[PDB]
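Data block below; observations after.
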Amino acid sequence: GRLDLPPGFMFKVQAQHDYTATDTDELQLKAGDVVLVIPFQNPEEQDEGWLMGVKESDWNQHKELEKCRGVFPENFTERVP
Amino acid sequence: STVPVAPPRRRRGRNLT
């Protein structure tokens, strides 16, 4: 994982279970994926019970951030130190 | 067995005439 991190970065999480993104803001996760938590582009876009981030490997490959990021069910992941 | 469930997403940017 990386220690040079995305703009406004808050903390990381790690997927405990796998998740398939159903809709047009949502992020895809595999059980074991680190996700770099970031703050939202608007407060109305923050869904209740959701988190926004980008996958750490998606960011360690240095891909298009604004297309690689998404919202995920925080309850699929764990807060890592 | 024992899998989590994603929570309900909410309305935003709503506007009508």
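For the structure tokens, the naming scheme is as follows: chains receive sequential letters (A, B, ...) according to their order of presentation, residues are indexed from 1 within each chain, and ligands are indexed from 1 in presentation order.
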
Counting only C-alpha atoms, which residues of chain A sit at most 7 Å from some atom of chain B, and what is each one's closest atom pair with its distance in Å to one decimal, listed by chain and rising residue number, as a Markdown table?
```
| residue | atom | partner | partner_atom | distance |
| --- | --- | --- | --- | --- |
| A:44 | CA | B:12 | CA | 5.8 |
| A:45 | CA | B:12 | CA | 6.8 |
| A:47 | CA | B:9 | CA | 5.1 |
| A:48 | CA | B:9 | CA | 6.4 |
| A:49 | CA | B:7 | CA | 5.8 |
| A:73 | CA | B:6 | CA | 5.2 |
| A:75 | CA | B:4 | CA | 6.7 |
| A:76 | CA | B:4 | CA | 6.3 |
```

Pick out the residues sitting within 9 Å of residue 24 of chain A, and hand them over as a list in words; count only C-alpha atoms, and ignore anything fewer than 3 positions along from it in its own chain.
->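 That gives residues 21, 27 and 70 of chain A.
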